[PDB]
Amino acid sequence: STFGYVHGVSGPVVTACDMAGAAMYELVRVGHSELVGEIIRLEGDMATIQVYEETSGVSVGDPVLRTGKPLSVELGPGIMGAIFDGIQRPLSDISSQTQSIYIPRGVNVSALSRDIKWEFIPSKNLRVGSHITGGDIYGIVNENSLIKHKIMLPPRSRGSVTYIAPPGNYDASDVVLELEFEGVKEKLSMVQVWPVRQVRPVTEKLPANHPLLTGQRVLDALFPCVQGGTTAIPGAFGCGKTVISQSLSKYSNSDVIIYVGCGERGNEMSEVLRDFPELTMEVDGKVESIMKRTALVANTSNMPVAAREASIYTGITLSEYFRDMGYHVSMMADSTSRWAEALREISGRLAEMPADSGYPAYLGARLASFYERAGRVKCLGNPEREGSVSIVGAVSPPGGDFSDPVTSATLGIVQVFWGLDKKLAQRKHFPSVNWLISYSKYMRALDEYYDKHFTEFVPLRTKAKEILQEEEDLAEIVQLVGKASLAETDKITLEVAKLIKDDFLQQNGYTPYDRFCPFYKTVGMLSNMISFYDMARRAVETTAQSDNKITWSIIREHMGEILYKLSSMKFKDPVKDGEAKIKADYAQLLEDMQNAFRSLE
Amino acid sequence: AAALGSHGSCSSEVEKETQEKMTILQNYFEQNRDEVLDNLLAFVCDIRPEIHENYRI
Amino acid sequence: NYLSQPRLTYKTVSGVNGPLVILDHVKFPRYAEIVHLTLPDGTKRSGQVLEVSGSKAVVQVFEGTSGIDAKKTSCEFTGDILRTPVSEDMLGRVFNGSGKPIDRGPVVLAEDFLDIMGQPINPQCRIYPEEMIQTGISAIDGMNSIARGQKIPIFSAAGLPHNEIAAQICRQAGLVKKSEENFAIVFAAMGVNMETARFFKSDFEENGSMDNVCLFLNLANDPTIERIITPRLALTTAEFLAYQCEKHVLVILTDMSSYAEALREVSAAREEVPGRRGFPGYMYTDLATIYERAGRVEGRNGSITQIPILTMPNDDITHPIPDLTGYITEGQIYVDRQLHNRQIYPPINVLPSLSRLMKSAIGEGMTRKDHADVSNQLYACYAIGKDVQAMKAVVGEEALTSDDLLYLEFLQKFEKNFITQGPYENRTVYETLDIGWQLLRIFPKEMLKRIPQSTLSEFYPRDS
């Protein structure tokens, strides 16, 4: 039978009998209200279930209905714009259908709606008898104005097409393909189902080559991430995380966005779910909602501990499904520290050996195996395509202690750290990225891209990092030397470090000219600031060696208009001024500064 | 004395309101108690024997 | 609809051990069911089914297991879990930690019966916090301001006045009265000694505020399960009053440190192994089930705001109870031993205290337009004043500048006038802000660098 029966209850643990063919880690529905749980032990014809919901009122002899599956995702049309929790309950459909402010115990709404009808177009040259394999695109659903949703044959499925549906409107429960292999027939609808703990297969996993642009001058120049990359950010109150989340959502070269809350505070989760629907972007000269290309997983701190832990596996499995269509995906996890605390609580319920700081022995392997799902890929199946998933995971070191087991593991794994900083936010220095603590390890992989497309940039990045580091060495000298007694070369360093810091690293995201900064504007600004620095250094070092010296005071007194034009470069608007117009103006500052230095020399 | 004295007399209206509110209870109860007794006694006499839903042969 | 079936009474007690009675031959046992025991002398006790297995049930008795035997003791299984009657008639009433009346009023007529475990609020239905809750205490309202739908703990230690502060917040709290009967309080107190419990009950009657207040008292020698039930009765009442009767409810939960001591004991009675630092491994998920019964919700005009109150051992903020509370709640109000020793009341320390939602509660149309600027400038002056006061003992007062002597004057008058307040003195936010400006006027207006020129122009000068 599909039913066993409750033999006993002790807190969240249920023991059931007549469970003989039930497999390890299957999901089950317990009692007359159908509470969800998972099988954690087998013994004889009995099973031990870890129930996710309150077991209060469950009785001996109550039905235990078994699902033949582990924890898994419905993958199909209806995911874009959706709100889910960590076990894929549709929070907005539950709200709409129940007319309640609460989540009912043992609620059993399907994650994708089976009453919405979708416009479906088949792949045109598939016919009865066509040979078809896992990952093959056999039709497209027009889900909205932005996302064409590509219907694929599941992994671990293959055969010869015995039926394919004509163009039309279909429920997610309608059969749209049948195929046959070894005389056995498989019938398929628009929804496939996949286990959250199994990595979705690919033809090949590839090195990451192309930047994940954000439109920020810092990040995109000094600390780049690739498409398929991995990043961590500090998750703390004052630092200002939202610039990462909103730049990814509005301005990245991602095709799809997945956001995971994984045990957040109720009032913080409410702020995300209020704010995200109000975000918009301009597509083909028309403004569109972010929720046409976005899905949210949301979990407050009083959701089931099984959901708070499943959350990142639900979010990465959704991300891998859109990668397999040939999209580029960014996934954000709102705090991996809240996920790790849920993992710790589960190991505590299981009475496991407490290892490092009370966290289970597998913590670092679970983090490693999760971040190993990031990357660029060659997809399974016939139409030849590439996709990627890029992961940003926030992490919350207690009091800023990076020796925390979750933070220590995370920075041991990730290839970028964007160190957002409360002290910079208190200075009104926005975006609040600390350039001393932050790093990127993708700078070699991007070398071929920058060489091909920009060519001048790698030298400029190298000089700019040195100038910002020299100022941090000169500061302790200035505290003794009293600024005036410093060398003129080093006064140039300090004041150009201030020029880069105030006019390149800072970027006011509320202002129309600086909401997004394209990479041509970014390299153009830096090119001029470093050109000015080299000419100012050359004027001092040519004269001060034996002639009547030039000084940084003489340069400022002679060149104050050039220095004002340099501070004005950030005000150029990429929408009102064309690429060629901005480039021509930035060439005019180079001509003007070269003329001004030639008149000084 | 100027703040308390007038309202000291008017505080007698709390007793007047107590008696009005109690009179409103009497009026509500005496109009409705026969429907309530007829419903209550009907639920007591309508027995309907049944076995527990977890029972199996 | 109704439960209708007659109850079974058993004399099938197999064994008795600690707080637990074990019965066999029980018909389809229900987990967490309430049962009534009658002892050999006719005394009555009650308990809850702690585990079931086949025909066996084990009951934790709320009162003792003394005088129980296997032969004459009978147990009546009620057929159902713990549900509380709930109504608006509960405002003006005093109850014990099992919901029984202790005020010589009658027992509650239900408008409904609710399961005390509740259900989680859907994240889609919770809307962001907004306007102020006015506590009447300047160190809170002026600088750690509380939003409708916030949750914010008071952190304290043994022998500090946190119950006197809680009682003052309960007597004084309300809405700001800009330019209501829709405000109520649920006050819950866990593991209270009889001196403290008599103080709470006496102080709210004597100072005449009971018509807004529902009060639940659990004493230090009441059953430890009633301490587990107490926050759940209180929050099941606040959920009826907020999300069905559309009130703004303030909930005060007193010694969550006493609650955790009972949670550790019920965990030990289940024969679980002790977790990290000796508390149950699931204590985060348990505390989060209390604290997230809070907020504003879409389409209903009520809200629940929580003020948990906690005692820390060794004055240590890194113990599991304050530490896990910090991951769930959004701020802290810090009660300080040094201000208490200096004879200041309320001894609230504004430098480590924070309300993370303060910007959502304050400003034009919610308090007054200058509130954010005054709060920022009072914090900035006090943080400098404590630093000048430290260097005065190193450099001597003759090495201090004229500006150091202004911070040294502000520091004394801030603590005597802004922080120091009477236990029966109630200041509106407007009075709090006006006391704030009397202190800022100690300085030349050039010193007030956290305040913009528009706010200085409207509020720095005195007027008739």
# chains A, B, ... in the order shown; residues from 1 in each chain; ligands from 1
$ interface_residues --of "chain C" --to "chain B" --cutoff "9 Å" --atoms "only C-alpha atoms" --output "PDB file with C-alpha atoms, in the first residue's frame"
ATOM      1  CA  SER C   4     -19.528  14.845  21.120  1.00  0.00           C
ATOM      2  CA  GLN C   5     -18.085  11.422  22.236  1.00  0.00           C
ATOM      3  CA  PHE C  28      -5.602   5.380  20.010  1.00  0.00           C
TER       4      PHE C  28
END
$ interface_residues --of "chain C" --to "chain A" --cutoff "8 Å" --atoms "only C-alpha atoms" --output "count of residues only"
39
$ select_by_dssp --residues "segment 61-205 of chain A" --states "strand (DSSP E or B)" --output "PDB file with N, CA, C and O atoms, in the first residue's frame"
ATOM      1  N   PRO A  63      -3.009   7.734   9.479  1.00  0.00           N
ATOM      2  CA  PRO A  63      -2.395   7.366   8.212  1.00  0.00           C
ATOM      3  C   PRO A  63      -1.045   8.052   7.990  1.00  0.00           C
ATOM      4  O   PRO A  63      -0.894   9.247   8.219  1.00  0.00           O
ATOM      5  N   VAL A  64      -0.069   7.317   7.471  1.00  0.00           N
ATOM      6  CA  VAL A  64       1.173   7.872   6.927  1.00  0.00           C
ATOM      7  C   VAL A  64       1.216   7.540   5.449  1.00  0.00           C
ATOM      8  O   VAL A  64       1.583   6.442   5.053  1.00  0.00           O
ATOM      9  N   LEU A  65       0.785   8.486   4.631  1.00  0.00           N
ATOM     10  CA  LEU A  65       0.847   8.408   3.182  1.00  0.00           C
ATOM     11  C   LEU A  65       2.275   8.692   2.714  1.00  0.00           C
ATOM     12  O   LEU A  65       2.825   9.742   3.037  1.00  0.00           O
ATOM     13  N   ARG A  66       2.880   7.804   1.926  1.00  0.00           N
ATOM     14  CA  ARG A  66       4.246   7.999   1.426  1.00  0.00           C
ATOM     15  C   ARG A  66       4.278   8.533   0.001  1.00  0.00           C
ATOM     16  O   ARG A  66       3.566   8.053  -0.875  1.00  0.00           O
ATOM     17  N   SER A  72      12.127  17.754  -3.451  1.00  0.00           N
ATOM     18  CA  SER A  72      12.268  18.048  -4.873  1.00  0.00           C
ATOM     19  C   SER A  72      11.465  19.286  -5.268  1.00  0.00           C
ATOM     20  O   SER A  72      10.634  19.766  -4.506  1.00  0.00           O
ATOM     21  N   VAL A  73      11.760  19.847  -6.438  1.00  0.00           N
ATOM     22  CA  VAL A  73      11.166  21.085  -6.966  1.00  0.00           C
ATOM     23  C   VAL A  73      10.287  20.771  -8.167  1.00  0.00           C
ATOM     24  O   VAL A  73      10.704  20.007  -9.026  1.00  0.00           O
ATOM     25  N   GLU A  74       9.104  21.369  -8.272  1.00  0.00           N
ATOM     26  CA  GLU A  74       8.381  21.457  -9.543  1.00  0.00           C
ATOM     27  C   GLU A  74       9.047  22.504 -10.433  1.00  0.00           C
ATOM     28  O   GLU A  74       9.127  23.675 -10.063  1.00  0.00           O
ATOM     29  N   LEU A  75       9.515  22.085 -11.606  1.00  0.00           N
ATOM     30  CA  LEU A  75      10.229  22.903 -12.572  1.00  0.00           C
ATOM     31  C   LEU A  75       9.404  23.010 -13.849  1.00  0.00           C
ATOM     32  O   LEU A  75       9.224  22.039 -14.573  1.00  0.00           O
ATOM     33  N   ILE A  83       6.693  33.778  -5.353  1.00  0.00           N
ATOM     34  CA  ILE A  83       7.235  33.745  -3.999  1.00  0.00           C
ATOM     35  C   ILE A  83       7.065  32.330  -3.471  1.00  0.00           C
ATOM     36  O   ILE A  83       5.958  31.794  -3.472  1.00  0.00           O
ATOM     37  N   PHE A  84       8.147  31.748  -2.981  1.00  0.00           N
ATOM     38  CA  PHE A  84       8.205  30.411  -2.410  1.00  0.00           C
ATOM     39  C   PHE A  84       8.835  30.466  -1.029  1.00  0.00           C
ATOM     40  O   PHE A  84       9.514  31.431  -0.717  1.00  0.00           O
ATOM     41  N   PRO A  90       3.891  27.879  -2.294  1.00  0.00           N
ATOM     42  CA  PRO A  90       3.625  29.137  -2.988  1.00  0.00           C
ATOM     43  C   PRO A  90       2.925  30.166  -2.092  1.00  0.00           C
ATOM     44  O   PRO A  90       1.704  30.197  -1.987  1.00  0.00           O
ATOM     45  N   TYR A 102      -2.149  33.606   8.053  1.00  0.00           N
ATOM     46  CA  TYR A 102      -1.294  32.511   8.519  1.00  0.00           C
ATOM     47  C   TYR A 102      -0.991  31.470   7.433  1.00  0.00           C
ATOM     48  O   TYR A 102      -1.632  31.448   6.386  1.00  0.00           O
ATOM     49  N   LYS A 117      -3.438  28.432 -18.134  1.00  0.00           N
ATOM     50  CA  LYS A 117      -3.197  27.869 -19.468  1.00  0.00           C
ATOM     51  C   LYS A 117      -2.124  28.652 -20.212  1.00  0.00           C
ATOM     52  O   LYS A 117      -2.202  29.872 -20.328  1.00  0.00           O
ATOM     53  N   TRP A 118      -1.135  27.941 -20.732  1.00  0.00           N
ATOM     54  CA  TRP A 118       0.080  28.486 -21.325  1.00  0.00           C
ATOM     55  C   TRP A 118       0.112  28.305 -22.835  1.00  0.00           C
ATOM     56  O   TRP A 118      -0.128  27.209 -23.325  1.00  0.00           O
ATOM     57  N   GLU A 119       0.441  29.361 -23.569  1.00  0.00           N
ATOM     58  CA  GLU A 119       0.667  29.312 -25.013  1.00  0.00           C
ATOM     59  C   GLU A 119       1.976  28.583 -25.339  1.00  0.00           C
ATOM     60  O   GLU A 119       3.052  29.063 -24.987  1.00  0.00           O
ATOM     61  N   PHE A 120       1.885  27.449 -26.034  1.00  0.00           N
ATOM     62  CA  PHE A 120       2.979  26.521 -26.317  1.00  0.00           C
ATOM     63  C   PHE A 120       3.249  26.373 -27.813  1.00  0.00           C
ATOM     64  O   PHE A 120       2.333  26.094 -28.583  1.00  0.00           O
ATOM     65  N   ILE A 121       4.512  26.507 -28.221  1.00  0.00           N
ATOM     66  CA  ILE A 121       4.975  26.313 -29.600  1.00  0.00           C
ATOM     67  C   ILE A 121       5.996  25.163 -29.648  1.00  0.00           C
ATOM     68  O   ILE A 121       7.042  25.287 -29.018  1.00  0.00           O
ATOM     69  N   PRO A 122       5.765  24.065 -30.388  1.00  0.00           N
ATOM     70  CA  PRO A 122       6.729  22.968 -30.548  1.00  0.00           C
ATOM     71  C   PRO A 122       7.972  23.348 -31.367  1.00  0.00           C
ATOM     72  O   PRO A 122       7.952  24.322 -32.113  1.00  0.00           O
ATOM     73  N   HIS A 131      14.326  10.977 -32.842  1.00  0.00           N
ATOM     74  CA  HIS A 131      15.154  10.573 -31.701  1.00  0.00           C
ATOM     75  C   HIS A 131      15.473  11.773 -30.814  1.00  0.00           C
ATOM     76  O   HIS A 131      15.964  12.793 -31.300  1.00  0.00           O
ATOM     77  N   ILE A 132      15.193  11.652 -29.520  1.00  0.00           N
ATOM     78  CA  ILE A 132      15.215  12.747 -28.555  1.00  0.00           C
ATOM     79  C   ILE A 132      15.860  12.274 -27.237  1.00  0.00           C
ATOM     80  O   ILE A 132      15.678  11.132 -26.821  1.00  0.00           O
ATOM     81  N   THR A 133      16.655  13.122 -26.591  1.00  0.00           N
ATOM     82  CA  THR A 133      17.502  12.791 -25.430  1.00  0.00           C
ATOM     83  C   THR A 133      17.379  13.847 -24.326  1.00  0.00           C
ATOM     84  O   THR A 133      16.895  14.949 -24.564  1.00  0.00           O
ATOM     85  N   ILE A 137      15.347  20.645 -26.088  1.00  0.00           N
ATOM     86  CA  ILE A 137      14.236  21.598 -26.123  1.00  0.00           C
ATOM     87  C   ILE A 137      13.222  21.159 -27.185  1.00  0.00           C
ATOM     88  O   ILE A 137      13.525  21.200 -28.379  1.00  0.00           O
ATOM     89  N   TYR A 138      12.013  20.766 -26.779  1.00  0.00           N
ATOM     90  CA  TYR A 138      10.951  20.320 -27.696  1.00  0.00           C
ATOM     91  C   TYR A 138       9.775  21.293 -27.838  1.00  0.00           C
ATOM     92  O   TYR A 138       8.910  21.088 -28.685  1.00  0.00           O
ATOM     93  N   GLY A 139       9.767  22.391 -27.092  1.00  0.00           N
ATOM     94  CA  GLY A 139       8.885  23.518 -27.344  1.00  0.00           C
ATOM     95  C   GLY A 139       9.188  24.706 -26.445  1.00  0.00           C
ATOM     96  O   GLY A 139      10.006  24.615 -25.540  1.00  0.00           O
ATOM     97  N   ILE A 140       8.527  25.830 -26.680  1.00  0.00           N
ATOM     98  CA  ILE A 140       8.693  27.070 -25.925  1.00  0.00           C
ATOM     99  C   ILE A 140       7.326  27.576 -25.470  1.00  0.00           C
ATOM    100  O   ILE A 140       6.365  27.549 -26.231  1.00  0.00           O
ATOM    101  N   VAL A 141       7.256  28.056 -24.232  1.00  0.00           N
ATOM    102  CA  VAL A 141       6.115  28.766 -23.658  1.00  0.00           C
ATOM    103  C   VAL A 141       6.462  30.245 -23.528  1.00  0.00           C
ATOM    104  O   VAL A 141       7.461  30.606 -22.915  1.00  0.00           O
ATOM    105  N   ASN A 142       5.631  31.125 -24.078  1.00  0.00           N
ATOM    106  CA  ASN A 142       5.751  32.567 -23.871  1.00  0.00           C
ATOM    107  C   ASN A 142       5.228  32.926 -22.475  1.00  0.00           C
ATOM    108  O   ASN A 142       4.052  33.249 -22.310  1.00  0.00           O
ATOM    109  N   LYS A 148      11.170  33.740 -22.498  1.00  0.00           N
ATOM    110  CA  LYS A 148      10.695  32.570 -23.233  1.00  0.00           C
ATOM    111  C   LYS A 148      11.131  31.337 -22.465  1.00  0.00           C
ATOM    112  O   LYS A 148      12.322  31.112 -22.268  1.00  0.00           O
ATOM    113  N   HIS A 149      10.179  30.553 -21.997  1.00  0.00           N
ATOM    114  CA  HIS A 149      10.436  29.405 -21.149  1.00  0.00           C
ATOM    115  C   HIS A 149      10.567  28.150 -22.016  1.00  0.00           C
ATOM    116  O   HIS A 149       9.619  27.742 -22.682  1.00  0.00           O
ATOM    117  N   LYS A 150      11.766  27.574 -22.078  1.00  0.00           N
ATOM    118  CA  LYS A 150      12.088  26.480 -22.995  1.00  0.00           C
ATOM    119  C   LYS A 150      11.781  25.139 -22.339  1.00  0.00           C
ATOM    120  O   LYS A 150      12.418  24.747 -21.370  1.00  0.00           O
ATOM    121  N   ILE A 151      10.792  24.427 -22.867  1.00  0.00           N
ATOM    122  CA  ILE A 151      10.368  23.111 -22.391  1.00  0.00           C
ATOM    123  C   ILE A 151      11.363  22.059 -22.881  1.00  0.00           C
ATOM    124  O   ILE A 151      11.558  21.886 -24.081  1.00  0.00           O
ATOM    125  N   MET A 152      11.987  21.354 -21.942  1.00  0.00           N
ATOM    126  CA  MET A 152      13.068  20.401 -22.173  1.00  0.00           C
ATOM    127  C   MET A 152      12.661  18.991 -21.780  1.00  0.00           C
ATOM    128  O   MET A 152      11.930  18.797 -20.813  1.00  0.00           O
ATOM    129  N   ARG A 158      14.964   9.529 -22.527  1.00  0.00           N
ATOM    130  CA  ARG A 158      15.407   9.368 -23.923  1.00  0.00           C
ATOM    131  C   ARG A 158      14.414   8.522 -24.716  1.00  0.00           C
ATOM    132  O   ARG A 158      13.684   7.740 -24.117  1.00  0.00           O
ATOM    133  N   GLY A 159      14.426   8.610 -26.042  1.00  0.00           N
ATOM    134  CA  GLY A 159      13.658   7.701 -26.890  1.00  0.00           C
ATOM    135  C   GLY A 159      13.290   8.264 -28.253  1.00  0.00           C
ATOM    136  O   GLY A 159      13.935   9.170 -28.768  1.00  0.00           O
ATOM    137  N   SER A 160      12.243   7.704 -28.847  1.00  0.00           N
ATOM    138  CA  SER A 160      11.668   8.135 -30.121  1.00  0.00           C
ATOM    139  C   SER A 160      10.297   8.754 -29.889  1.00  0.00           C
ATOM    140  O   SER A 160       9.458   8.134 -29.244  1.00  0.00           O
ATOM    141  N   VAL A 161      10.048   9.956 -30.403  1.00  0.00           N
ATOM    142  CA  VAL A 161       8.784  10.683 -30.211  1.00  0.00           C
ATOM    143  C   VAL A 161       7.614   9.905 -30.805  1.00  0.00           C
ATOM    144  O   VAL A 161       7.566   9.705 -32.010  1.00  0.00           O
ATOM    145  N   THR A 162       6.648   9.479 -29.999  1.00  0.00           N
ATOM    146  CA  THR A 162       5.417   8.817 -30.461  1.00  0.00           C
ATOM    147  C   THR A 162       4.234   9.779 -30.552  1.00  0.00           C
ATOM    148  O   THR A 162       3.318   9.537 -31.333  1.00  0.00           O
ATOM    149  N   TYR A 163       4.254  10.893 -29.822  1.00  0.00           N
ATOM    150  CA  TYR A 163       3.318  12.011 -29.975  1.00  0.00           C
ATOM    151  C   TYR A 163       4.011  13.327 -29.628  1.00  0.00           C
ATOM    152  O   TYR A 163       4.786  13.379 -28.680  1.00  0.00           O
ATOM    153  N   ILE A 164       3.682  14.406 -30.337  1.00  0.00           N
ATOM    154  CA  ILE A 164       3.982  15.778 -29.912  1.00  0.00           C
ATOM    155  C   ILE A 164       2.770  16.672 -30.177  1.00  0.00           C
ATOM    156  O   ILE A 164       2.164  16.610 -31.246  1.00  0.00           O
ATOM    157  N   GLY A 168      -0.817  25.604 -29.353  1.00  0.00           N
ATOM    158  CA  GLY A 168      -2.069  25.827 -28.620  1.00  0.00           C
ATOM    159  C   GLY A 168      -1.880  26.315 -27.186  1.00  0.00           C
ATOM    160  O   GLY A 168      -0.768  26.624 -26.772  1.00  0.00           O
ATOM    161  N   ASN A 169      -2.973  26.371 -26.426  1.00  0.00           N
ATOM    162  CA  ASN A 169      -3.002  26.737 -25.007  1.00  0.00           C
ATOM    163  C   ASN A 169      -3.260  25.506 -24.133  1.00  0.00           C
ATOM    164  O   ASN A 169      -4.249  24.808 -24.340  1.00  0.00           O
ATOM    165  N   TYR A 170      -2.408  25.254 -23.142  1.00  0.00           N
ATOM    166  CA  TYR A 170      -2.423  24.020 -22.348  1.00  0.00           C
ATOM    167  C   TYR A 170      -2.267  24.279 -20.849  1.00  0.00           C
ATOM    168  O   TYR A 170      -1.497  25.142 -20.448  1.00  0.00           O
ATOM    169  N   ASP A 171      -2.945  23.505 -20.011  1.00  0.00           N
ATOM    170  CA  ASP A 171      -2.638  23.436 -18.583  1.00  0.00           C
ATOM    171  C   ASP A 171      -1.279  22.771 -18.343  1.00  0.00           C
ATOM    172  O   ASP A 171      -0.857  21.889 -19.088  1.00  0.00           O
ATOM    173  N   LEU A 177       4.066  15.846 -24.900  1.00  0.00           N
ATOM    174  CA  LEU A 177       4.946  14.906 -25.594  1.00  0.00           C
ATOM    175  C   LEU A 177       4.696  13.485 -25.087  1.00  0.00           C
ATOM    176  O   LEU A 177       4.466  13.273 -23.898  1.00  0.00           O
ATOM    177  N   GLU A 178       4.807  12.500 -25.965  1.00  0.00           N
ATOM    178  CA  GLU A 178       5.029  11.106 -25.601  1.00  0.00           C
ATOM    179  C   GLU A 178       6.226  10.588 -26.394  1.00  0.00           C
ATOM    180  O   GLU A 178       6.426  10.948 -27.555  1.00  0.00           O
ATOM    181  N   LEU A 179       7.029   9.741 -25.769  1.00  0.00           N
ATOM    182  CA  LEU A 179       8.108   9.042 -26.441  1.00  0.00           C
ATOM    183  C   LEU A 179       8.193   7.590 -25.989  1.00  0.00           C
ATOM    184  O   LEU A 179       7.601   7.199 -24.985  1.00  0.00           O
ATOM    185  N   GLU A 180       8.934   6.787 -26.741  1.00  0.00           N
ATOM    186  CA  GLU A 180       9.096   5.360 -26.500  1.00  0.00           C
ATOM    187  C   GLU A 180      10.565   4.945 -26.557  1.00  0.00           C
ATOM    188  O   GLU A 180      11.306   5.375 -27.442  1.00  0.00           O
ATOM    189  N   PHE A 181      10.979   4.085 -25.630  1.00  0.00           N
ATOM    190  CA  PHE A 181      12.301   3.464 -25.604  1.00  0.00           C
ATOM    191  C   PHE A 181      12.205   2.030 -25.068  1.00  0.00           C
ATOM    192  O   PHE A 181      11.571   1.790 -24.044  1.00  0.00           O
ATOM    193  N   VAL A 184       8.751   0.726 -24.041  1.00  0.00           N
ATOM    194  CA  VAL A 184       8.135   1.378 -22.869  1.00  0.00           C
ATOM    195  C   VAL A 184       7.871   2.848 -23.194  1.00  0.00           C
ATOM    196  O   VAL A 184       8.735   3.518 -23.759  1.00  0.00           O
ATOM    197  N   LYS A 185       6.674   3.347 -22.865  1.00  0.00           N
ATOM    198  CA  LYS A 185       6.209   4.697 -23.223  1.00  0.00           C
ATOM    199  C   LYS A 185       6.205   5.655 -22.036  1.00  0.00           C
ATOM    200  O   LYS A 185       5.686   5.322 -20.972  1.00  0.00           O
ATOM    201  N   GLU A 186       6.743   6.855 -22.229  1.00  0.00           N
ATOM    202  CA  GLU A 186       6.742   7.952 -21.257  1.00  0.00           C
ATOM    203  C   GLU A 186       5.898   9.121 -21.784  1.00  0.00           C
ATOM    204  O   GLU A 186       6.154   9.608 -22.881  1.00  0.00           O
ATOM    205  N   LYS A 187       4.908   9.577 -21.009  1.00  0.00           N
ATOM    206  CA  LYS A 187       4.044  10.735 -21.308  1.00  0.00           C
ATOM    207  C   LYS A 187       4.472  11.932 -20.460  1.00  0.00           C
ATOM    208  O   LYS A 187       4.675  11.769 -19.258  1.00  0.00           O
ATOM    209  N   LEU A 188       4.604  13.122 -21.047  1.00  0.00           N
ATOM    210  CA  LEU A 188       5.182  14.291 -20.384  1.00  0.00           C
ATOM    211  C   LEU A 188       4.331  15.552 -20.545  1.00  0.00           C
ATOM    212  O   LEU A 188       3.881  15.872 -21.644  1.00  0.00           O
ATOM    213  N   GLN A 192       8.493  19.247 -15.093  1.00  0.00           N
ATOM    214  CA  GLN A 192       9.350  18.170 -14.599  1.00  0.00           C
ATOM    215  C   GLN A 192       9.626  18.357 -13.105  1.00  0.00           C
ATOM    216  O   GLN A 192       9.394  19.425 -12.557  1.00  0.00           O
ATOM    217  N   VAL A 193      10.114  17.324 -12.426  1.00  0.00           N
ATOM    218  CA  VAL A 193      10.379  17.343 -10.980  1.00  0.00           C
ATOM    219  C   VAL A 193      11.798  16.851 -10.712  1.00  0.00           C
ATOM    220  O   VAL A 193      12.175  15.810 -11.242  1.00  0.00           O
ATOM    221  N   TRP A 194      12.580  17.558  -9.893  1.00  0.00           N
ATOM    222  CA  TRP A 194      13.982  17.213  -9.637  1.00  0.00           C
ATOM    223  C   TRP A 194      14.366  17.278  -8.148  1.00  0.00           C
ATOM    224  O   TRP A 194      14.004  18.253  -7.491  1.00  0.00           O
ATOM    225  N   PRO A 195      15.107  16.300  -7.584  1.00  0.00           N
ATOM    226  CA  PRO A 195      15.581  16.319  -6.198  1.00  0.00           C
ATOM    227  C   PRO A 195      16.508  17.488  -5.874  1.00  0.00           C
ATOM    228  O   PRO A 195      17.525  17.656  -6.527  1.00  0.00           O
ATOM    229  N   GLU A 204      29.351  19.638 -20.401  1.00  0.00           N
ATOM    230  CA  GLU A 204      30.674  20.009 -19.923  1.00  0.00           C
ATOM    231  C   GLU A 204      30.584  21.198 -18.968  1.00  0.00           C
ATOM    232  O   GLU A 204      29.777  22.101 -19.174  1.00  0.00           O
ATOM    233  N   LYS A 205      31.463  21.242 -17.968  1.00  0.00           N
ATOM    234  CA  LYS A 205      31.654  22.394 -17.087  1.00  0.00           C
ATOM    235  C   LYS A 205      32.897  23.164 -17.529  1.00  0.00           C
ATOM    236  O   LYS A 205      33.951  22.570 -17.727  1.00  0.00           O
TER     237      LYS A 205
END
$ atom_distance --atom1 "atom CA of residue 470 of chain A" --atom2 "atom CA of residue 534 of chain A"
14.8 Å
$ residues_around --residues "residue 243 of chain A" --least-positions-apart "6" --cutoff "10 Å" --atoms "only C-alpha atoms" --output "PyMOL selection string"
chain A and resi 214+216+249+420+430-432+509
$ atom_distance --atom1 "atom CA of residue 492 of chain A" --atom2 "atom CA of residue 450 of chain A"
28.3 Å
$ residues_around --residues "residue 447 of chain A" --least-positions-apart "4" --cutoff "8 Å" --atoms "only C-alpha atoms" --output "tab-separated table (two decimals) with N, CA and C atoms, in the first residue's frame"
chain	number	residue	atom	x	y	z
A	443	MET	N	41.01	37.98	-11.80
A	443	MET	CA	41.73	38.96	-12.62
A	443	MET	C	42.58	38.35	-13.75
A	451	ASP	N	42.07	42.35	-22.63
A	451	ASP	CA	42.99	42.50	-23.76
A	451	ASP	C	42.25	42.70	-25.10
A	458	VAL	N	44.22	46.91	-17.92
A	458	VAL	CA	44.99	46.19	-16.89
A	458	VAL	C	46.12	47.03	-16.27
$ select_by_dssp --residues "segment 90-277 of chain C" --states "helix (DSSP H, G or I)" --output "ChimeraX atom specification"
/C:90,138-141,162-172,194-206,210-212,224-243,256-269,276-277
